[PDB]
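J.: One structure is given below, represented as structure tokens, and several questions about it will come after.
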Amino acid sequence: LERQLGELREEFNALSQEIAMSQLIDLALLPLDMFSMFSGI
Amino acid sequence: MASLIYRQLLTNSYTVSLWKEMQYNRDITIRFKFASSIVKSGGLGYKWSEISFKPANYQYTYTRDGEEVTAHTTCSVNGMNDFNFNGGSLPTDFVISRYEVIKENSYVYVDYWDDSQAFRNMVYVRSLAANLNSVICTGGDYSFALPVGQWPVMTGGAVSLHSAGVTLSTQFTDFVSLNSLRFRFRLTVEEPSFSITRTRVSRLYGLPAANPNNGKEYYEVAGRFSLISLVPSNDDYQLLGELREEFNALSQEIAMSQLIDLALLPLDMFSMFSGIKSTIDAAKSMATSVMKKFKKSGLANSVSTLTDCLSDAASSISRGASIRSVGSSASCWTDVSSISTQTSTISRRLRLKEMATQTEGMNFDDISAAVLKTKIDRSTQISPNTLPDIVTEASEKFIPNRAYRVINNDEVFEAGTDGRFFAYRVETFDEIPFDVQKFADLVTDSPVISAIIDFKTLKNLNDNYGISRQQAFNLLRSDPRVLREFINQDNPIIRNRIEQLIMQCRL
Amino acid sequence: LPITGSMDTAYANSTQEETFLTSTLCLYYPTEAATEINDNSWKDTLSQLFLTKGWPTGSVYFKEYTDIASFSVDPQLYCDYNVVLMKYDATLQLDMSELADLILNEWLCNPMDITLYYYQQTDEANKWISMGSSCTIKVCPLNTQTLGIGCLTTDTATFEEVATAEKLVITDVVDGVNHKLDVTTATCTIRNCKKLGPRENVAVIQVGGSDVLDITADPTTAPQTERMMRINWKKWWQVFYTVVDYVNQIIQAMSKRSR
Amino acid sequence: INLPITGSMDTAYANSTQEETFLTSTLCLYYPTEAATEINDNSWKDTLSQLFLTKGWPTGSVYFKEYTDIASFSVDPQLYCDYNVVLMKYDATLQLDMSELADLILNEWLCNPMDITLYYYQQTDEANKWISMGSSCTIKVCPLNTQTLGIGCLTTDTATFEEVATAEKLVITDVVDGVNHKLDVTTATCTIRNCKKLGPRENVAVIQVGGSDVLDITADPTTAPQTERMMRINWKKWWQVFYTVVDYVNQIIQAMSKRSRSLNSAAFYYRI
Amino acid sequence: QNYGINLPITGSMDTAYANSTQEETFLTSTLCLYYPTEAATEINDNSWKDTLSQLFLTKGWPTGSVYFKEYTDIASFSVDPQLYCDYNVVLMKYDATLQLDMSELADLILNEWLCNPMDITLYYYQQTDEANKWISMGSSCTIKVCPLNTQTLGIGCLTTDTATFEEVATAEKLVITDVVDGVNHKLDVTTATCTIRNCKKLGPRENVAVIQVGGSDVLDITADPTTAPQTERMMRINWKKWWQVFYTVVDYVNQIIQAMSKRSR
Ligand SMILES: *[C@@H]1O[C@H](CO)[C@@H](O)[C@H](O)[C@H]1NC(C)=O
Ligand SMILES: *[C@@H]1O[C@H](CO)[C@@H](O)[C@H](O)[C@H]1NC(C)=O
Ligand SMILES: *[C@@H]1O[C@H](CO)[C@@H](O)[C@H](O)[C@H]1NC(C)=O
Ligand SMILES: *[C@@H]1O[C@H](CO)[C@@H](O)[C@H](O)[C@H]1NC(C)=O
Ligand SMILES: [Ca+2]
Ligand SMILES: [Ca+2]
Ligand SMILES: [Ca+2]
Ligand SMILES: [Ca+2]
Ligand SMILES: [Ca+2]
Ligand SMILES: [Ca+2]
Ligand SMILES: [Ca+2]
Ligand SMILES: [Ca+2]
Ligand SMILES: [Ca+2]
């Protein structure tokens with residue numbers, strides 16, 4: 001068994017807000033292709 | 001975009017899937033049966049040479065949850081101990097040289113098989129597990145047929161079968177060979193012991209090897225299994241003569257404004273094969289089916305040959321292929337009225353400039369693919385074996401003649417596969433002698449544009465429907481915005497050209 | 001749709017003495033009460049009494065029920081105002097709480113096919129309610145690849161028993177795992193039901209001990225609503241006279257359904 | 001800490017302490033023997049672990065500490081976990097016992113030993129009680145007067161002492177605060193401690209599996225409160241109780257908060 | 001009085017050193033000694049406790065602030081040591097065969113461990129840091145370990161045949177086990193007569209004071225074989241009698257209590 005999706009949403013609510021803005025805007029300018037997106041996770 | 005789909009087909013050519021990892025979870029009713037082999041020595045009939053077990057096949061048909069399932073079960077034993085009982089050295093005393101008995105140390109094997117899908121092509125399995133319930137198996141009453149004397153009867157004996165590991169096996173026979181599942185069971189002796197009556201043997205445990213079935217028709221135990229196996233994705237393993245006419249009937253019924261609205265969308269593989277209400281097999285293998293034929297055509301071969309000739313023109317230079325080059329020097333983008341001939345020959349590679357991402361405008365192959373996607377969602381006659389090589393005949397025979405242009409310091413040089421060339425100024429449309437050996441040097445490296453708005457209609461428009469500087473620059477640049485604005489302003493000098501493009505997109 | 005208003009408007013007249021005339025009332029009393037009373041015209045008597053409060057004679061109904069469990073077995077409450085009288089029994093605490101959880105709340109119920117499908121609960125209000133003469137339910141959770149956890153999908157003995165010989169059951173299990181079930185489908189029918197907004201049309205009245213009903217399956221609220229009332233008793237005529245006299249309070253605590 | 005703290009109402013701060021520990025929680029259930037008796041299974045602990053895994057708790061975080069009886073559990077309850085849940089069955093003949101257990105585990109106590117013979121003790125405030133634990137504690141108390149004599153009792157005849165505990169394992173005795181008492185206890189089998197009640201223990205949660213709320217945690221009869229971490233259930237089986245607890249453990253965990261004073265294993269601090 | 005939180009503290013460098021809290025901390029605190037049975041055996045006196053109390057009374061410590069708590073043996077003391085006082089002293093005899101146990105005792109009492117429980121029948125446990133150890137108490141603990149690989153299979157051991165497990169303890173009353181941090185271990189333990197607890201070593205306990213009576217200092221508190229430190233409250237003496245030792249302790253009880261410091265937790 002993996003999770004209850006309600007509790008996984010609560011894990012998101014634990015990762016609510018704390019993304020930096022310079023870092024987010026620099027992260028959203030990358031071609032995060034399949035390899036990069038499913039390797040590091 | 002609509003040519004990017006062709007470029008993507010070419011890119012994913014290496015994929016030209018078939019297998020799959022499927023999960024099966026089904027209930028089953030294991031109705032098995034034992035079998036004994038009673039061998040009787042010669043003499044009078046008081047002496048028994050052996051009483052052993054035998055592999056016991058049983059084939060039957062039972063009712064699942066709304067299914068009528070045919071099945072086949074093969075029982076066997078392993079590690080049974082051998083006991084003996086001698087009453088004397090005479091032919092007239094009841095003696096059993098050897099009889100087999102069951103205890104903890106032994107094991108019971110059961111090969112199980114059905115006619116369902118889980119067993120049709122089971123050759124590879126992993127993550128195998130199973131939930132089985134325990135039962136009790138007891139021996140009956142085997143009366144030793146003594147010609148004369150008393151009647152010894154082997155009676156009693158019970159054992160509790162507890163589940164154990166599962167594996168694979170193969171049931172062989174003189175008729176059929178079945179790739180089956182091997183259910184293994186461990187044993188624990190029960191309270192009722194086995195005993196032969198009118199004989200000095202009693203209060204001993206196990207299961208008698210004489211009549212283990214107890215006169216029953218089978219021993220029924222339910223179970224469930226789960227696995228992950230390999231299976232062909234196609235779940236079955238264990239006649240253009242009229243198509244062209246359908247295309248030419250569907251050609252002009254299609255509209256123009258909405259078609260131009262649709263010819264700007266990157267209708268990638270999903271979007272191109274989603275609106276097709278395909279068959280269960282086509283939806284699984286459509287893309288690879290069309291690709292294995294798309295990389296067989298004049299288009300693909302010409303692309304690969306241009307690439308081979310560019311490689312060979314970069315390498316050969318010391319022995320440089322001197323076939324011909326008008327312009328600066330050999331490029332293989334310009335390889336050859338003489339002027340009209342050269343221009344047509346260069347335009348038969350400007351089609352490759354088009355489907356090489358080195359264009360700026362409506363990129364005629366894009367219009368061709370839009371017509372394709374607008375026709376193959378309407379045409380009733382579309383099928384898995386049918387779309388392959390229709391996509392290619394489309395890509396090959398849509399807009400055979402097509403023109404291009406290049407701009408340099410406000411001077412447009414046109415060209416066409418139909419042997420026509422036109423030089424002219426942007427602001428003031430007036431022809432000029434066509435500057436060959438400069439048009440080539442420019443079209444080679446500078447970007448090219450397509451002739452959707454070609455000079456003839458352009459001049460007719462600049463004459464009748466007087467045109468502004470920005471509108472004319474955008475029409476030279478082949479802008480879909482101004483194109484659709486004219487198409488909504490209902491300009492027949494553009495509607496006619498678009499209708500001509502449709503009628504050339506005929507197949 | 002949206003609704004506007006204002007605070008400058010005035011309060012309207014009392015809808016009482018008209019809601020009585022254009023509504024119906026339905027009492028649900030136990031056979032014990034009729035027994036202790038031992039009279040044939042007590043219904044006519046109570047209706048003539050209600051007629052003083054304003055409820056006309058052809059508006060009040062009395063619907064006897066032999067036992068709380070027999071009542072919990074498919075209670076067909078179809079009236080514009082329902083009152084229930086409920087005895088207290090420690091041995092029947094969970095049953096008389098499930099009855100409340102069933103009638104006080106309005107349930108959106110779908111059927112269930114155990115033998116053919118396996119089900120799971122999505123939110124905290126998607127429960128499994130079984131009704132019948134004698135229910136005996138057992139549950140086996142499963143994992144991602146349809147294998148049992150402390151149970152066997154085939155061996156019914158290895159299942160976990162949650163109900164035994166219960167006429168009504170309300171089962172909440174862990175929300176996010178697929179369960180297999182074993183139920184006496186012959187004698188009990190089971191539905192998967194999501195709890196909608198409460199039923200403001202029924203009023204439970206506990207005739208005996210302290211307030212024990214815990215509607216909320218979550219053991220943190222334990223709320224006591226407006227239409228879950230209590231009385232201490234030594235006779236039944238006193239209870240019925242109390243109900244009669246304070247019916248207006250009960251009908252102010254209740255509100256006609258919206259559906 | 002004495003220093004102050006500041007704040008605001010517009011900000012969205014997001015800046016907070018981050019660190020590591022044992023793996024982000026632990027949980028310990030205290031269930032009666034009767035539950036496993038009714039269940040009659042030897043895989044139900046692992047079943048509940050894999051269930052909790054859906055709610056987020058990893059493998060090595062959930063624990064069960066079976067207890068035979070409420071009194072046996074009251075005898076030296078050693079709680080060392082980051083979250084504690086206590087299922088407790090209802091018995092009208094044990095109300096005082098399972099209210100003393102509640103007042104003991106829910107609240108935080110600071111205890112000093114006591115020497116009955118050599119000294120005579122007294123209470124100062126309404127929170128300085130005398131808790132006695134053991135196997136059979138029979139207590140008797142004689143108040144005294146200003147001149148070190150007795151009041152309705154005699155310093156010599158223990159029979160004249162007034163009895164307050166008979167055949168109890170845990171006793172929590174509150175007497176008149178401001179007078180010297182003389183005590184007689186079965187010191188061989190029980191130990192008595194002068195304890196003072198402090199701020200509550202937010203790490204435990206009681207769950208009355210049965211009847212209505214009766215626990216009067218506050219010895220004064222005027223409050224009769226009921227805390228957030230004092231739950232009730234109606235039960236006919238134990239599997240359904242445990243499934244309920246598991247489906248609603250996030251509310252239990254939102255109602256419980258880790259300790260503040262310190263780490264400790266017993267139900268009270270010792271300060272001599 | 002903000003408990004449960006940690007705030008920046010502040011001060012200055014112009015404030016003068018305040019008065020001596022000595023002669024008041026002795027009065028409002030308590031001192032508990034832990035001596036061995038051999039001491040009272042050699043002594044053979046019934047009033048030695050009242051004697052040492054009247055001696056402390058000269059140093060300032062009042063009569064009923066001092067406590068003596070005997071223990072027959074270092075192992076019987078290691079079996080669930082319950083040190084609940086405001087200043088604890090522990091006189092410890094040296095035995096080269098008991099070195100490891102009396103070092104585990106030191107690492108257990110000198111420090112303040114945050115201890116969570118453990119259940120071997122269900123789970124398989126792994127360590128996260130170098131201070132998350134497993135301490136086993138009881139009368140005779142026989143602990144065996146089988147590490148597992150990435151795919152839940154043993155390494156040189158089988159998950160059924162307990163005989164193939166690796167033995168680290170053999171009939172020990174106290175054990176403190178550290179293993180490779182990052183790998184799950186399956187355990188065999190005599191749960192009936194021993195309790196194992198997974199504990200994290202937090203900052204030290206400044207409330208106890210070990211005083212070795214005999215041999216050279218050997219106690220390696222820190223499990224890592226790089227520090228081998230000698231803490232401030234780790235004292236040594238050389239002995240031939242016990243009265244001299246107690247007189248030394250009493251005469252230098254102020255240095256001892258200066259080396260100790262009332263707890264934080
Ligand atoms: C021919 O096409 C037009 C539109 O393109 C359509 O309206 C007409 O019905 C078609 N003819 C027949 C016979 O269907
Ligand atoms: C409301 O009550 C007042 C006073 O009793 C009465 O005058 C009025 O007529 C009532 N409203 C209606 C609509 O009759
Ligand atoms: C918290 O972090 C954000 C961004 O990192 C910052 O703007 C904010 O000032 C921080 N909070 C405080 C109290 O400084
Ligand atoms: C601190 O010591 C000095 C010198 O001994 C003394 O004068 C002073 O009074 C002491 N402080 C207090 C508060 O008594
Ligand atoms: Ca639920
Ligand atoms: Ca089970
Ligand atoms: Ca029920
Ligand atoms: Ca008590
Ligand atoms: Ca008296
Ligand atoms: Ca008091
Ligand atoms: Ca040791
Ligand atoms: Ca370590
Ligand atoms: Ca080994």
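Residues are referred to by chain and number: the chain letter is A, B, ... according to the order shown in the structure tokens, the number counts from 1 in that chain, and ligands are numbered separately from 1 in the order shown.
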Using only C-alpha atoms and all ligand atoms, find each residue with an atom at most 9 Å away from ligand 12 and format the answer as a VMD selection string.
T.: chain E and resid 127 to 133 177 to 182 223 to 224
J.: As a list in words, please: the residues near residue 335 of chain B (cut-off 9 Å, only C-alpha atoms, same-chain neighbours under 5 positions excluded).
T.: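 Answer for this query is residues 323, 324, 325, 326, 330, 342, 345 and 346 of chain B.
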J.: Please write out the residues within 6 Å of ligand 3 as a PyMOL selection string, counting only C-alpha atoms and all ligand atoms.
T.: chain D and resi 13-15
J.: Restrict the selected residues to N, CA and C atoms and save them as a compact mmCIF listing (two decimals), in the first residue's frame.
T.:
```txt
# COMPACT_ATOMS: atom_id res chain seq x y z
N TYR D 13 4.87 34.16 6.79
CA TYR D 13 6.31 34.06 7.03
C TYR D 13 7.02 32.91 6.32
N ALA D 14 6.60 31.67 6.61
CA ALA D 14 7.12 30.42 6.06
C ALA D 14 8.49 30.03 6.61
N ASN D 15 9.11 30.85 7.47
CA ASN D 15 10.46 30.62 7.97
C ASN D 15 10.34 29.94 9.33
```
J.: Please provide the set of residues having any atom within 10 Å of residue 254 of chain D, restricted to only C-alpha atoms, with same-chain residues fewer than 3 positions apart removed, written as a ChimeraX atom specification.
T.: /D:228-229,249-251,257
J.: Could you pull out the residues sitting within 12 Å of ligand 4, using only C-alpha atoms and all ligand atoms, and write them as JSON, numbers by chain?
T.: {"E": [16, 17, 18, 19, 20, 21, 22]}
J.: Keeping N, CA, C and O atoms for every residue in the selection just given, could you write it to a file as a compact mmCIF listing (two decimals), in the first residue's frame?
T.:
```
# COMPACT_ATOMS: atom_id res chain seq x y z
N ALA E 16 29.14 42.72 36.38
CA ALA E 16 30.11 42.10 37.27
C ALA E 16 29.66 40.70 37.68
O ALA E 16 28.47 40.36 37.63
N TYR E 17 30.63 39.88 38.08
CA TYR E 17 30.33 38.53 38.54
C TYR E 17 29.59 38.60 39.86
O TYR E 17 30.02 39.27 40.80
N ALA E 18 28.46 37.89 39.94
CA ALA E 18 27.58 38.00 41.10
C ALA E 18 28.13 37.13 42.24
O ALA E 18 29.23 36.58 42.16
N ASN E 19 27.36 37.02 43.32
CA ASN E 19 27.82 36.33 44.51
C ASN E 19 27.88 34.82 44.27
O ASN E 19 27.45 34.30 43.23
N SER E 20 28.43 34.11 45.25
CA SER E 20 28.62 32.67 45.19
C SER E 20 27.33 31.97 45.61
O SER E 20 26.91 32.06 46.77
N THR E 21 26.69 31.27 44.66
CA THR E 21 25.51 30.47 44.97
C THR E 21 25.84 29.25 45.83
O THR E 21 24.91 28.60 46.34
N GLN E 22 27.11 28.92 46.01
CA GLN E 22 27.49 27.89 46.96
C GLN E 22 27.09 28.31 48.37
O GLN E 22 26.99 29.50 48.67
```
J.: Might you pull out every residue within 12 Å of residue 246 of chain E, with only C-alpha atoms counted and same-chain residues fewer than 2 positions away left off, and present them as an NGL selection string?
T.: :E and (33-36 or 39-40 or 43 or 48-49 or 51-53 or 55-56 or 68 or 89-91 or 211 or 213 or 237 or 239 or 241-244 or 248-253)
J.: Just write the chosen residues, N, CA, C and O atoms, as a tab-separated table (two decimals), in the first residue's frame.
T.:
```tsv
chain	number	residue	atom	x	y	z
E	33	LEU	N	24.82	9.37	46.61
E	33	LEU	CA	25.97	8.52	46.33
E	33	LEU	C	25.53	7.11	45.99
E	33	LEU	O	24.52	6.61	46.50
E	34	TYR	N	26.32	6.46	45.13
E	34	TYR	CA	26.14	5.05	44.77
E	34	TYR	C	27.48	4.35	44.98
E	34	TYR	O	28.37	4.42	44.14
E	35	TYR	N	27.59	3.67	46.13
E	35	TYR	CA	28.77	2.93	46.57
E	35	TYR	C	28.57	1.43	46.35
E	35	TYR	O	27.43	0.96	46.23
E	36	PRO	N	29.65	0.64	46.32
E	36	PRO	CA	29.50	-0.82	46.20
E	36	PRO	C	29.43	-1.51	47.55
E	36	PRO	O	29.92	-1.02	48.57
E	39	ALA	N	32.34	-1.85	49.93
E	39	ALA	CA	32.71	-0.76	50.82
E	39	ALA	C	32.16	-0.98	52.22
E	39	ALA	O	32.91	-1.02	53.20
E	40	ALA	N	30.84	-1.12	52.33
E	40	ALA	CA	30.22	-1.41	53.63
E	40	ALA	C	30.72	-2.73	54.20
E	40	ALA	O	30.80	-2.88	55.43
E	43	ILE	N	34.02	-1.99	55.71
E	43	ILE	CA	33.83	-1.06	56.82
E	43	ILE	C	33.34	-1.79	58.07
E	43	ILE	O	33.96	-1.72	59.13
E	48	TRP	N	28.17	4.54	59.82
E	48	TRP	CA	29.01	5.24	58.87
E	48	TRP	C	28.21	6.22	58.02
E	48	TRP	O	28.74	7.25	57.59
E	49	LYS	N	26.92	5.95	57.81
E	49	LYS	CA	26.09	6.87	57.03
E	49	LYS	C	25.84	8.15	57.81
E	49	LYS	O	26.00	9.26	57.28
E	51	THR	N	27.72	9.20	60.10
E	51	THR	CA	29.04	9.82	60.20
E	51	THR	C	29.31	10.70	58.98
E	51	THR	O	29.65	11.88	59.11
E	52	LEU	N	29.18	10.12	57.78
E	52	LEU	CA	29.38	10.90	56.56
E	52	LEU	C	28.38	12.05	56.46
E	52	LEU	O	28.70	13.10	55.89
E	53	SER	N	27.18	11.89	57.04
E	53	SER	CA	26.21	12.98	57.00
E	53	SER	C	26.64	14.13	57.91
E	53	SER	O	26.60	15.30	57.51
E	55	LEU	N	29.60	14.75	58.58
E	55	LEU	CA	30.78	15.34	57.95
E	55	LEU	C	30.39	16.30	56.84
E	55	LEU	O	30.94	17.41	56.75
E	56	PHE	N	29.49	15.88	55.95
E	56	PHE	CA	28.87	16.78	54.98
E	56	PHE	C	28.33	18.05	55.64
E	56	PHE	O	28.43	19.14	55.08
E	68	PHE	N	22.42	7.69	50.40
E	68	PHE	CA	23.27	6.58	49.99
E	68	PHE	C	22.39	5.50	49.38
E	68	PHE	O	21.33	5.18	49.94
E	89	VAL	N	26.54	10.85	42.38
E	89	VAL	CA	27.92	10.37	42.34
E	89	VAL	C	27.88	8.85	42.32
E	89	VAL	O	27.01	8.24	42.96
E	90	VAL	N	28.82	8.25	41.60
E	90	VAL	CA	28.83	6.80	41.37
E	90	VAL	C	30.27	6.32	41.49
E	90	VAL	O	31.10	6.61	40.61
E	91	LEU	N	30.57	5.58	42.55
E	91	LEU	CA	31.90	5.02	42.76
E	91	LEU	C	31.94	3.66	42.08
E	91	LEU	O	31.11	2.79	42.37
E	211	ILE	N	33.25	7.98	39.21
E	211	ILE	CA	34.55	8.03	39.89
E	211	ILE	C	35.10	6.60	39.87
E	211	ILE	O	34.68	5.76	40.67
E	213	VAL	N	37.65	3.78	40.77
E	213	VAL	CA	38.30	3.57	42.06
E	213	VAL	C	39.68	2.95	41.87
E	213	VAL	O	40.57	3.16	42.70
E	237	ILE	N	40.74	7.53	40.87
E	237	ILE	CA	41.42	7.47	42.16
E	237	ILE	C	42.14	6.13	42.20
E	237	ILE	O	41.80	5.20	41.46
E	239	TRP	N	43.23	3.25	45.15
E	239	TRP	CA	42.67	2.89	46.44
E	239	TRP	C	43.40	1.70	47.04
E	239	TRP	O	43.94	0.84	46.33
E	241	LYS	N	41.98	1.29	50.71
E	241	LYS	CA	40.84	1.20	51.62
E	241	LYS	C	39.68	1.99	51.01
E	241	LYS	O	39.77	2.50	49.89
E	242	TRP	N	38.59	2.09	51.78
E	242	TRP	CA	37.39	2.82	51.38
E	242	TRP	C	37.11	4.05	52.23
E	242	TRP	O	36.53	5.02	51.72
E	243	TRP	N	37.47	4.03	53.52
E	243	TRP	CA	37.31	5.21	54.35
E	243	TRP	C	38.08	6.40	53.80
E	243	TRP	O	37.59	7.53	53.79
E	244	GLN	N	39.31	6.15	53.33
E	244	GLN	CA	40.09	7.22	52.71
E	244	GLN	C	39.39	7.76	51.47
E	244	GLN	O	39.41	8.98	51.22
E	248	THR	N	38.08	11.54	51.00
E	248	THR	CA	38.48	12.33	49.84
E	248	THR	C	37.27	12.95	49.15
E	248	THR	O	37.27	14.14	48.82
E	249	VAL	N	36.25	12.12	48.88
E	249	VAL	CA	35.02	12.60	48.25
E	249	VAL	C	34.41	13.74	49.07
E	249	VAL	O	34.01	14.77	48.52
E	250	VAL	N	34.32	13.56	50.39
E	250	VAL	CA	33.69	14.57	51.23
E	250	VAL	C	34.52	15.85	51.24
E	250	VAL	O	33.98	16.96	51.18
E	251	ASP	N	35.85	15.72	51.31
E	251	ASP	CA	36.70	16.91	51.37
E	251	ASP	C	36.69	17.67	50.05
E	251	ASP	O	36.82	18.90	50.05
E	252	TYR	N	36.54	16.97	48.92
E	252	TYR	CA	36.53	17.58	47.59
E	252	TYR	C	35.16	17.47	46.92
E	252	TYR	O	35.06	17.32	45.71
E	253	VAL	N	34.10	17.56	47.72
E	253	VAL	CA	32.75	17.52	47.17
E	253	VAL	C	32.40	18.80	46.43
E	253	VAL	O	31.50	18.80	45.58
```
